[PDB]
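Peer 1: My questions all concern the structure below.
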Amino acid sequence: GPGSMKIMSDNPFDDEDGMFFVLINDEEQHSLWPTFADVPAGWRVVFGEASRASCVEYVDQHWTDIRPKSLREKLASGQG
């Protein structure tokens with residue numbers, strides 16, 4: 001079956017100290033992927049590996065109104 005090479009449940013993917021790339025799926029699905037992971041099939045890199053802030057700045061503008069109409073959510077906000 002499948003298996004990870006690292007059992008660590010650490011937070012390395014949300015370090016703004018790391019450079020991330022901005023991906024998209026044809027349903028105008030935008031996401032932020034870390035260099036510590038390979039680009040998931042189905043998602044194309046719209047913005048290459050850049051400092052987390054540039055990535056977020058781009059994503060924040062590239063909402064451009066989503067295609068699929070969803071009513072399922074996690075939460076409208078978040079803190080930490």
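Identifiers in the structure tokens: chain A, B, ... in order shown; residue index from 1 per chain; ligand index from 1 in order shown.
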What residues in chain A get the DSSP label helix (DSSP H, G or I)? Please answer as a ChimeraX atom specification.
Peer 2: /A:52-61
Peer 1: Show me, as a list in words, the residues that have an atom within 8 Å of residue A:33 when counting only C-alpha atoms, minus same-chain residues fewer than 2 positions from it.
Peer 2: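 After dropping sequence-adjacent residues, the list is residues 13, 20, 21, 22, 23, 31, 35, 37 and 39 of chain A.
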Peer 1: Could you write out the selected residues, including N, CA, C and O atoms, as a JSON list (two decimals), in the first residue's frame?
Peer 2:
[["chain", "number", "residue", "atom", "x", "y", "z"],
["A", 13, "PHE", "N", 4.96, 23.20, 6.28],
["A", 13, "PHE", "CA", 4.33, 23.61, 5.02],
["A", 13, "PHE", "C", 3.73, 25.01, 5.13],
["A", 13, "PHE", "O", 3.37, 25.62, 4.12],
["A", 20, "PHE", "N", 6.84, 29.12, -1.49],
["A", 20, "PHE", "CA", 5.76, 28.27, -1.99],
["A", 20, "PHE", "C", 5.35, 28.70, -3.39],
["A", 20, "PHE", "O", 5.64, 29.82, -3.82],
["A", 21, "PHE", "N", 4.66, 27.82, -4.11],
["A", 21, "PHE", "CA", 4.11, 28.14, -5.42],
["A", 21, "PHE", "C", 2.59, 28.11, -5.39],
["A", 21, "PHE", "O", 1.99, 27.37, -4.61],
["A", 22, "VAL", "N", 1.97, 28.93, -6.23],
["A", 22, "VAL", "CA", 0.52, 29.01, -6.30],
["A", 22, "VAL", "C", 0.03, 28.17, -7.47],
["A", 22, "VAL", "O", 0.48, 28.37, -8.60],
["A", 23, "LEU", "N", -0.88, 27.25, -7.18],
["A", 23, "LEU", "CA", -1.41, 26.32, -8.19],
["A", 23, "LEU", "C", -2.85, 26.67, -8.52],
["A", 23, "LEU", "O", -3.49, 27.47, -7.81],
["A", 31, "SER", "N", -4.73, 27.21, -4.73],
["A", 31, "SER", "CA", -4.15, 26.62, -3.54],
["A", 31, "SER", "C", -2.67, 26.99, -3.47],
["A", 31, "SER", "O", -2.08, 27.41, -4.47],
["A", 35, "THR", "N", 7.46, 23.85, -1.44],
["A", 35, "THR", "CA", 8.55, 23.21, -2.18],
["A", 35, "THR", "C", 8.90, 21.84, -1.59],
["A", 35, "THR", "O", 9.59, 21.04, -2.23],
["A", 37, "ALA", "N", 6.88, 19.56, -1.18],
["A", 37, "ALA", "CA", 5.94, 18.61, -1.76],
["A", 37, "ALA", "C", 5.90, 18.77, -3.28],
["A", 37, "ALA", "O", 6.16, 19.85, -3.81],
["A", 39, "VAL", "N", 4.06, 18.88, -7.02],
["A", 39, "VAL", "CA", 2.83, 19.46, -7.54],
["A", 39, "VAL", "C", 1.80, 18.35, -7.84],
["A", 39, "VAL", "O", 2.06, 17.46, -8.65]]
Peer 1: Work out how far atom CA of residue A:56 is from atom CA of residue A:18, in Å to one decimal.
Peer 2: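 Computing the Euclidean distance for atom CA of residue A:18 and atom CA of residue A:56 yields 12.7 Å.
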Peer 1: Just asking: which residues within chain A are strand (DSSP E or B) according to DSSP, as JSON, numbers by chain?
Peer 2: {"A": [19, 20, 21, 22, 23, 24, 25, 29, 30, 31, 32, 33, 34, 44, 45, 46, 47, 48, 49, 50, 51]}
Peer 1: Near residue A:30, within 10 Å and counting only C-alpha atoms, which residues show up once chain neighbours fewer than 4 positions away are dropped, as a list in words?
Peer 2: residues 22, 23, 24, 25, 26, 43, 44, 45, 46, 59, 60, 62, 63 and 66 of chain A
Peer 1: Have a look at A:48, A:1, A:78, A:42 and name the one nearest to residue A:29; count only C-alpha atoms.
Peer 2: A:42
Peer 1: Please report the interatomic distance between atom CA of residue A:41 and atom CA of residue A:71 in Å with one decimal.
Peer 2: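 Interatomic distance, atom CA of residue A:41 to atom CA of residue A:71: 25.2 Å.
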